[PDB]
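Bear in mind that the values in this text are calculations on the coordinates, not laboratory data. Neighbour counts are summed over all protein chains in view; Cβ atoms, including those assigned to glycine, are modelled from backbone coordinates with ideal geometry.
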Amino acid sequence: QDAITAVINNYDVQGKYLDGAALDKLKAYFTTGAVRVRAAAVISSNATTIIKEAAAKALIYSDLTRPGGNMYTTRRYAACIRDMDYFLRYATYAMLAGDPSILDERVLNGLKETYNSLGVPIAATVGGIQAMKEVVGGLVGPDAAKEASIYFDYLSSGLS
Amino acid sequence: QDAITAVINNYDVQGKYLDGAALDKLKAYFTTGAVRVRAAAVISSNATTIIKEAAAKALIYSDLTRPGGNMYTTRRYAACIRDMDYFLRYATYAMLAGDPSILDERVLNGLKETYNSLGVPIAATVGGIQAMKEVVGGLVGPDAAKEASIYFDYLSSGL
Amino acid sequence: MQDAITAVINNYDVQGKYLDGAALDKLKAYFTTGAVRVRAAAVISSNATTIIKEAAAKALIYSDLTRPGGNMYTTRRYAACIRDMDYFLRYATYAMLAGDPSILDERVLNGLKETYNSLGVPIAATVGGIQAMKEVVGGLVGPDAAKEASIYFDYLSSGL
Amino acid sequence: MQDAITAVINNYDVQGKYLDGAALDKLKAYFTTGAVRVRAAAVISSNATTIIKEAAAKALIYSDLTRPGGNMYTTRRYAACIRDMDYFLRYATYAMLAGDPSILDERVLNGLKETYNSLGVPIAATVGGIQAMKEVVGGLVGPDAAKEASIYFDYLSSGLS
Amino acid sequence: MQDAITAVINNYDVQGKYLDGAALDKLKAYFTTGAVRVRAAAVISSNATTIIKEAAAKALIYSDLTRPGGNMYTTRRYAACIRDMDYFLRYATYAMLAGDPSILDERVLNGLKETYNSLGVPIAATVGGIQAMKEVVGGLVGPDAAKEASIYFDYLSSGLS
Amino acid sequence: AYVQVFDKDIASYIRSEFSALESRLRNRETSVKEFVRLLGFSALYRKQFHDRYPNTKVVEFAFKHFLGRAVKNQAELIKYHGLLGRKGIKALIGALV
Amino acid sequence: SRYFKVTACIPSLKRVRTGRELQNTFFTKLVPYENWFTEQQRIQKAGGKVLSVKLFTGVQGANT
Amino acid sequence: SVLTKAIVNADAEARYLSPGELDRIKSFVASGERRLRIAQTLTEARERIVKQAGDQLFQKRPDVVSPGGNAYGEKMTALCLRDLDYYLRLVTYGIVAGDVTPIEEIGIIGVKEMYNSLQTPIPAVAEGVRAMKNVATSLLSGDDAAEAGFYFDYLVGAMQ
Amino acid sequence: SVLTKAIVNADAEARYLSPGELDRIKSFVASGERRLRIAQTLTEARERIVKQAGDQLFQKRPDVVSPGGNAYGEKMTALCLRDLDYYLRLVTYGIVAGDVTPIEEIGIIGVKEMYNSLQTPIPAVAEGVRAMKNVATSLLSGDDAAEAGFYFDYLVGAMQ
Amino acid sequence: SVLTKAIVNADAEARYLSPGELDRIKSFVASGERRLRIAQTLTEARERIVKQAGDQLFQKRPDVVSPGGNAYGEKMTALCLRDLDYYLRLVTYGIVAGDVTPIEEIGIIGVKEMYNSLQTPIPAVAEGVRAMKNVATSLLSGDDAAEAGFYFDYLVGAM
Amino acid sequence: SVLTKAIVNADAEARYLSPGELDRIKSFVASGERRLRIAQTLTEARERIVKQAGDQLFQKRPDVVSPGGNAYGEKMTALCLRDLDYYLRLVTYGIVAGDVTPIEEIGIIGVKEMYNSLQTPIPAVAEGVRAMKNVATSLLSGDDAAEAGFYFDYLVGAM
Ligand SMILES: *[C@H](C)[C@H]1/C(=C/c2[nH]c(/C=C3N=C(/C=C4\NC(=O)C(CC)=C4C)C(C)=C\3CCC(=O)O)c(CCC(=O)O)c2C)NC(=O)[C@@H]1C
Ligand SMILES: *[C@H](C)[C@H]1/C(=C/c2[nH]c(/C=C3N=C(/C=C4\NC(=O)C(CC)=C4C)C(C)=C\3CCC(=O)O)c(CCC(=O)O)c2C)NC(=O)[C@@H]1C
Ligand SMILES: *[C@H](C)[C@H]1/C(=C/c2[nH]c(/C=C3N=C(/C=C4\NC(=O)C(CC)=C4C)C(C)=C\3CCC(=O)O)c(CCC(=O)O)c2C)NC(=O)[C@@H]1C
Ligand SMILES: *[C@H](C)[C@H]1/C(=C/c2[nH]c(/C=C3N=C(/C=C4\NC(=O)C(CC)=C4C)C(C)=C\3CCC(=O)O)c(CCC(=O)O)c2C)NC(=O)[C@@H]1C
Ligand SMILES: *[C@H](C)[C@H]1/C(=C/c2[nH]c(/C=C3N=C(/C=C4\NC(=O)C(CC)=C4C)C(C)=C\3CCC(=O)O)c(CCC(=O)O)c2C)NC(=O)[C@@H]1C
Ligand SMILES: *[C@H](C)[C@H]1/C(=C/c2[nH]c(/C=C3N=C(/C=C4\NC(=O)C(CC)=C4C)C(C)=C\3CCC(=O)O)c(CCC(=O)O)c2C)NC(=O)[C@@H]1C
Ligand SMILES: *[C@H](C)[C@H]1/C(=C/c2[nH]c(/C=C3N=C(/C=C4\NC(=O)C(CC)=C4C)C(C)=C\3CCC(=O)O)c(CCC(=O)O)c2C)NC(=O)[C@@H]1C
Ligand SMILES: *[C@H](C)[C@H]1/C(=C/c2[nH]c(/C=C3N=C(/C=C4\NC(=O)C(CC)=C4C)C(C)=C\3CCC(=O)O)c(CCC(=O)O)c2C)NC(=O)[C@@H]1C
Ligand SMILES: *[C@H](C)[C@H]1/C(=C/c2[nH]c(/C=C3N=C(/C=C4\NC(=O)C(CC)=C4C)C(C)=C\3CCC(=O)O)c(CCC(=O)O)c2C)NC(=O)[C@@H]1C
Ligand SMILES: *[C@H](C)[C@H]1/C(=C/c2[nH]c(/C=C3N=C(/C=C4\NC(=O)C(CC)=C4C)C(C)=C\3CCC(=O)O)c(CCC(=O)O)c2C)NC(=O)[C@@H]1C
């Protein structure tokens, strides 16, 4: 869900009517909004490249890609880059939303268990996410980067 | 299953043909049957009220109904009263049947686990069931009440 | 599933090694056994109904199980037990052709113990039935085939 | 579909009329026949396999149909034909309990001719089989039930024709 | 309609090519077959009435079709069926002389299925009759001619079915 | 389920081809959806719908059997008929469910 | 072929249901590997929470 | 028993029991005492019914008690009679229950499969049940016989 | 809110947010500040709105506050007013969200069932909401009132 | 036939024929000429195979040709032999096809249902096919016999 | 492998292996020894096959080894050759298996996606495999070459 809805939900459980302090948080979000929209468009256009660069930084030229590595074989390689795409798409969604919840509901839920059964290495995945963050940071520019970074970090912490 | 079938099943595992002693148990059930049918009709007619009264006794005017409570919001409130109805309907079925098995097969199985995932409070639910029992006892009358009570208690113990 | 040939291939693939003479020898061993296995499989398929009948006669029937209060009492339960027997036979035949026990693990063996325990089916009696089938099968297939057939039957028994 | 009771109701409802004595009489007639019909249905269900066997023996088997180049040649086709026979029997039993021919029209009769023509199944032979089943059924059910049973069998036959 | 000679010509004309040896050989092949075909055609014309009679005897008559409730029951329907049989025979003879199946498509085959379906004439029985005519024709024409005659009969049968 | 997925007529012929599937359902280890998937991924389905029909008619039947409907619009026809080319029938069935 | 054993709970947020529907709320199921990905997403989109995932059949990190 | 049937229909509809349904339950409980007497009669005559039916069956089918036939030999003949006894016991259970369901679960589901493994002919089994019906009918009073007949007929229908 | 809706559509399509979708998000964030002010106004006037609406409702429906009626008595009258307050709080939440969804989840699903158990008349509740709307409209400026009206109307529609 | 089976699998996968599939086709076309001869041999010996197998079956199962039994009587015995002849014809078709599919469509689908209506015992039919196999094997050369055996075994398995 | 494929089809049908299926298994086991030799030959010549094919590919496609092209540079050229080596190893595995399935799992599923991320041109990769086939064919005897060709063709088809 969304920053706006998160505030509303917190008030609803209290049963409190919306108050100025709450309104201020909502107001803060509204100013940030315009920046976020610009960042999202940048990410969508450069998504393929972002993934490519991040893979180059961490995943490829590594033991993983070499035989006996998790990402060895075309099927596994393709799976890993598909996962990378999802992380990027969901992070973009989270950045627009201004809320980490969507990551929990969509990406984070059931991931750890799936990975453990598969034997996918979590630390390497986290490394890939961090690499994507760095690439994204460049493209989005500094103001947007701070906002983008928190969601990437949230994903990384969840997986770990 | 049913009292009649329960007797049959006990004989079948033994492999024994039906005997007079067995017949007597069945006969006992048949006498009780007429009372049970009358009780069931009473419950069906007063079902909405029974639920209302029981809710008034336990569920409403409580933290649950207040914001931050499990039964807060219309959707949750409606769910809770739906559950109450289920318990009532199944207890009525069990009373006619003369057997607690149906409760185990439908209502009791997996309920605890479902409730824990949902975060529904079991003790409060049990409280509601007990309240329904008390209301039901009045309407059905004393002879019927004893029979009705055992099934309500069975549900409560399971939960 | 996996077979003998594929098992060798997969072991080499994880190493990244090209196929070597030692590997080839294992494959060659399988190829010689193959012809015998095919003949055995055809024998089993034709005599499957009888094999089950004989095995049941040896262990399952004329027993407490079939008598009232026994697990295989009632037509429904009797039918279930003979259906299970057929499964074991079909899968063992598949395994014998394959030259690998894996298919048994993937289909038959996984979760069977737990299922049986919940059902209250007696494992030891089932194992007895499997062993009986093995003995009957051994006769029909003939000695060379019997050794190969026996290992898969024993594998099922050990799993259960 | 409809049954006799509902058929009377529906006819009255379109008229908007309350149920009247004439209508009541039809309903009353049905109620008396009902007990007989239930007994007949149970007889048919128990003897269904035999009924089909006897009827096939009377018409379908030992014939060109079963011989190579015949419609019922090959196991697959033979099995199909006896499956169709069973359908007719089951539906006729349903109709007899209902006291209404409508179910036959809604399920069996609708599109059957067209299906058969595409398949190349011979209608006259099928009709023959239905008539044979009727005769066998008549015996088992007994005379009072037979008259009731016969009309539904005849209805199927007329539809297919 | 089209014939073999014209078919070759037309293929060349669309290409714009002058006639070539390969084309000439196809034409030459036809010319050798021609004499046989002419003899066959004369045989068929003389025995046409009998051919139809024999074929009807083999398939159509002494059957359910001719019996009441059958498609060929009543004099009018019987006469129609034998008229159709004659058509098929005449056109097949034309096709055999021509050496091309096209005339069958242009006159007989086009719209026949739809006509028959509206009429309720049974296609499979008609096909059976055509096959019967083929067998009778085969005898009269003799073996060399029979092969040529058979293909056109088969073409008709395939079209109808 | 047999009657929905195959038609009524074909479902009659079924004796026990799927007996193993039935047991897993009876056991409550598979869902009904999964059971329907596997009926779809079956030689019998393929033999009775796929094999004697052009790929468009195959998409019809799949819609009828797994959703209970015809194809609503040309965009939907494109998406599913597309996937039926360039992949199995097993892909089509899997996409609907 | 690899199979996944999945236990997931899905709440009925859109409408209260008169039918008991215990099975729909709480389900343990066997999923083909290929199907699971899509299924996982669908559970997430529904708002159901997947408590447990295990690989019922096959070997993890197997090339064939 | 009947009451179970009524409850099950109600549960499917998710409704409390209809008045009409309740009335049928009332009628059944009244009928039960009469039904018990009918069952008692057959139980007392059980030994003779089985014996007479067996003889009739063997006369009707010489083959079953022939060297080829399943029933042939003392052990086998005893088992055939035991089966007839089982079916009679089931019929008595049915009469008291007022439904075929008790009969059906114990005897009619998987019956085909069980007998096919045994290789016993199903039609012969049906004849035996028919024979038992005739003997039972004679001992029973006419109205009692009709009630008993229904259950007997069901069995014959099931094994067919 | 609008943003949540946009994200959800994108996730279903498994695609990054479309430019058009992004534009709608931009418009919403700009509108939000105006929306916050409208909500703030109603919050401040909340106590009076509820009081005035209550009085109007009781005048419109004498019956509800009568010995027969549900609302009758101090405890009951308080609860009726509490309900009106709840609905007003929900409306404010809606205005800030820009969507009825927040309102809908908390108040409109199962509302019929809840009130039927309580035996509260649904039409009377609707009248109370209508009454609140009229009071709220007067305090709001015309354009603000129109925005607020939509949310109020939805509630009235929902409780029908 | 082999080829039909391969094509059908490919079409389901929506792919061109796999190399492995192609190889099997190549093997089949080479085998075909030998297969034709095997089929021809059985066709010539058909009359004797059926006769010998019939006698063996009747010895193995006295009951079938007994007053109770289905086969009993001249008409019935002829029909039983006709059935054996049918199955032999199907087996020859199978050998040339290299696959049981041709056999399967004509003979093995609905076979249980057909025979159950007739009341013919399925196991006895299987024995007859087994008997035919033994006769056929003797006339065939060993390698030829093995090929023929597979088709015979399939039939026995099917019923 | 051939055997795996046959078993899988049977299991789906829930039936014992068909005679035709069994026959194909028999043919495969006979072929296997020859297949092993074919695989051995290619393994020994592997280093040269890759080298020769690489050169041919680069001549056929100057662009790939050009500053714009993916293959350009020593590191990249090595990786391109490594890929060719991988595919050759897969082909050998295929020949012994008698089926493309082993090849398919390791190399052909997700191949498009992997190369698209890398930005390697798929047609050039196909040309490299074609080149390898030609080199391999020359070293192999004609019949051996045909068998090897099928697997090589599959790879080319897959990409
Ligand atoms: C040569 C014909 C073409 C070519 C090759 C090329 N490949 C890469 C990089 C990689 N190639 C692979 C391939 C595989 N990994 C596997 O597991 C399998 C299946 C067995 C294959 C075939 C991989 C994984 C990589 C990534 C790097 C790594 O292995 O760590 C490159 C370099 C591109 C880059 O930026 O890394 C190149 C150039 N290039 C062409 O254009 C030729 C036509
Ligand atoms: C890549 C950075 C790392 C990696 C990934 C990897 N994942 C799989 C397989 C799966 N991964 C998932 C994960 C998800 N499914 C979801 O629904 C979501 C949320 C959108 C995620 C993130 C799943 C379900 C699978 C199984 C099936 C599938 O393909 O989806 C593999 C393949 C492992 C295998 O044994 O097949 C791999 C390689 N592993 C690495 O090497 C990287 C560090
Ligand atoms: C016979 C040797 C013994 C026996 C068998 C028996 N099994 C069940 C029930 C089940 N058996 C299975 C097993 C399988 N299902 C599969 O799909 C496969 C793999 C192909 C197997 C092996 C399962 C899942 C069940 C549950 C549902 C079902 O009917 O299959 C029973 C029934 C028990 C009951 O209480 O209903 C029985 C009797 N039991 C014996 O008495 C023998 C020792
Ligand atoms: C002989 C081994 C056993 C036996 C045979 C038997 N069969 C019949 C009657 C029929 N058999 C068939 C079977 C087929 N028709 C087909 O098209 C095919 C596939 C090509 C088969 C196998 C049919 C159709 C009939 C019905 C008669 C007819 O053809 O019109 C009988 C006669 C019994 C009866 O009720 O008709 C018999 C005796 N039965 C045995 O007992 C032998 C062991
Ligand atoms: C038997 C007396 C005749 C006969 C029958 C025969 N029928 C088919 C095939 C089909 N029959 C039906 C009919 C129905 N399906 C329905 O839903 C209903 C109404 C409830 C009917 C009556 C259908 C639809 C089929 C086609 C699909 C299927 O087979 O299940 C065949 C097979 C024909 C073929 O070419 O496959 C046969 C042989 N055959 C005769 O000649 C008898 C006179
Ligand atoms: C008797 C006075 C003369 C005679 C009769 C004769 N008729 C036939 C055969 C047929 N005649 C008919 C006639 C009808 N079919 C109809 O639909 C109607 C109107 C209702 C009629 C009058 C038919 C159709 C036949 C064909 C037989 C069949 O049903 O398939 C014969 C037999 C000749 C033959 O080859 O069939 C005979 C002998 N013959 C004379 O010479 C008498 C003067
Ligand atoms: C005889 C084998 C079958 C048969 C035939 C039949 N046909 C009709 C009626 C018509 N037949 C035709 C057909 C043609 N007209 C054409 O132009 C061509 C192509 C050269 C054909 C073959 C037409 C148009 C008619 C209708 C008008 C007319 O009668 O001239 C009937 C009469 C149908 C009726 O109901 O009146 C019949 C009986 N029917 C059989 O039983 C045989 C299978
Ligand atoms: C009321 C006394 C208490 C209460 C109830 C409550 N239940 C739910 C949700 C569910 N309850 C069930 C239970 C059943 N389903 C069945 O089939 C049966 C047996 C027939 C039962 C008893 C289920 C499955 C659900 C899920 C939703 C559904 O519609 O199925 C809720 C909602 C909780 C949520 O957030 O979803 C509530 C509130 N809780 C209380 O606070 C009361 C003490
Ligand atoms: C007699 C009418 C026919 C006949 C009987 C026969 N039965 C067996 C063997 C068994 N019969 C059963 C049957 C049942 N088990 C149950 O639970 C029920 C329902 C309550 C029944 C009816 C069983 C289990 C067996 C197996 C042996 C055992 O007692 O454990 C045989 C022996 C054949 C064999 O192979 O065991 C026979 C002969 N057969 C005929 O020929 C008569 C027509
Ligand atoms: C006033 C317009 C009408 C009225 C109201 C009335 N309500 C109750 C009792 C309750 N009302 C609610 C309503 C809600 N709880 C929620 O969580 C929500 C959604 C946010 C709503 C709207 C509830 C649950 C109760 C129970 C008590 C409690 O919650 O503590 C009463 C008292 C009746 C009773 O038996 O409790 C009354 C009078 N009655 C009218 O007739 C007016 C038209």
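Quick notes
- Once the Cβ-Cβ distance of E:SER118 and I:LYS112 is raised to the sixth power relative to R0 = 60 Å, the FRET efficiency obtained is 0.55.
- Pairs of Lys in chain C closer than 25 Å at Cα, counting only those 8 or more apart or on different chains: 12
- Chain H: most fluctuating residue of H:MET114, H:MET132, H:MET76 per GNM, C-alpha cutoff 10 Å: H:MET114
- Approximate spin-label separation C:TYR62-E:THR50, in nm, with each point projected 7 Å along Cα-to-Cβ: 7.7 nm
- Put a dot 7 Å past the Cα of I:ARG15, heading toward its Cβ, do the same for E:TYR12, and the two dots end up 5.9 nm apart.
- For a paramagnetic label modelled on B:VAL35 (point 7 Å from Cα along Cα→Cβ), amide N atoms under 18 Å away belong, within segment H:1-40, to H:26, H:29-30.
- Prolate/oblate/rounded call for the protein assembly as shown, Cα gyration tensor, a/c under 1.5 rounded: oblate
- Straight Cα distances below 14 angstrom link D:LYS53 to the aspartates and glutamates D:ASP84, D:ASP86, D:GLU135, J:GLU113, with same-chain residues fewer than 8 positions distant left out.
- Spatial separation of Cα centroids for chain G and segment K:21-85, in angstrom: 42 Å
- Semi-axis lengths (Å, descending) of the ellipsoid that matches the C-alpha gyration tensor of segment F:21-90: 25, 14, 10
- Model label points for B:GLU105 and D:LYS58, set 7 angstrom from Cα along the Cα-to-Cβ axis, are 4.3 nm apart.
- Near-label residues of segment I:88-109 by backbone N, under 17 Å of a point 7 Å along Cα→Cβ of I:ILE122: I:104-109
- Cα-only radius of gyration and Dmax that characterise chain C, units Å: 17.8, 61
- Folded to 0 to 90 degrees: helix B:74-97 orientation relative to chain B principal axis, Cα: 10 degrees
- Look at the Cα gyration tensor of segment A:1-43: its axes a ≥ b ≥ c give a/c of at least 1.5 with a/b at or below b/c, and that counts as oblate.
- J(HN,Hα) series, segment J:38-49, from Karplus relation 6.51 cos²θ - 1.76 cosθ + 1.60, nearest Hz, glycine and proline x: 4, 4, 4, 4, 5, 4, 5, 8, 4, 3, 5, 4
- For segment I:28-42, 3J(HN,Hα) computed residue by residue from phi via the Karplus equation (6.51, -1.76, 1.60; θ = phi - 60°) reads 4, 5, 5, 5, x, 4, 4, 4, 4, 4, 4, 4, 4, 4, 5 Hz, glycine and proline entered as x.
- Cβ-Cβ distance of A:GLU113 and F:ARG26, R₀ of 22 Å, FRET efficiency by 1/(1 + (r/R0)^6): the value works out to about 0.20.
- Cα-based shape type of segment A:1-89, given that a ≥ b ≥ c are square roots of the gyration tensor eigenvalues and the cut on a/c is 1.5: prolate
- Among D:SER63, D:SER150, D:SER102, residue whose mean-square fluctuation peaks in a GNM of chain D (springs only between Cα atoms under 10 Å): D:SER63
- Residues whose placed amide H lies under 5 Å from that of G:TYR3, excluding near-sequence neighbours: G:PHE56, G:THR57, G:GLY58
- Cross-link pairs F:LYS57/F:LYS90; D:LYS113/F:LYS72; G:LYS49/I:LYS5 - those with Cα-Cα distance over 24 Å: D:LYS113/F:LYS72
- Using alpha-carbon coordinates, inclination of helix E:4-15 to the longest axis of chain E, degrees: 50 degrees
- Ratio Rg/Rh, restricted to segment D:29-144 and using Cα atoms, in which Rh is the Kirkwood radius: 1.00
- Alpha-carbon centroids, segment C:73-103 and segment D:74-99: separation in whole Å: 35 Å
- Take the Cα of H:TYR72, go 7 Å toward its beta carbon, and the backbone nitrogen atoms of segment J:49-65 under 15 Å from that spot belong to J:57-65.
- Derived scalar couplings between HN and Hα for segment B:114-120 equal 4, 5, 5, 4, 5, x, 4 Hz in order, rounded to whole Hz, by the Karplus curve 6.51 cos²θ - 1.76 cosθ + 1.60 (θ = phi - 60°), x for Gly and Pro.
- Candidates J:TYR87, J:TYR115, J:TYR16: whichever shows maximal mean-square fluctuation once chain J is modelled as a Gaussian network with Cα springs under 10 Å: J:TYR16
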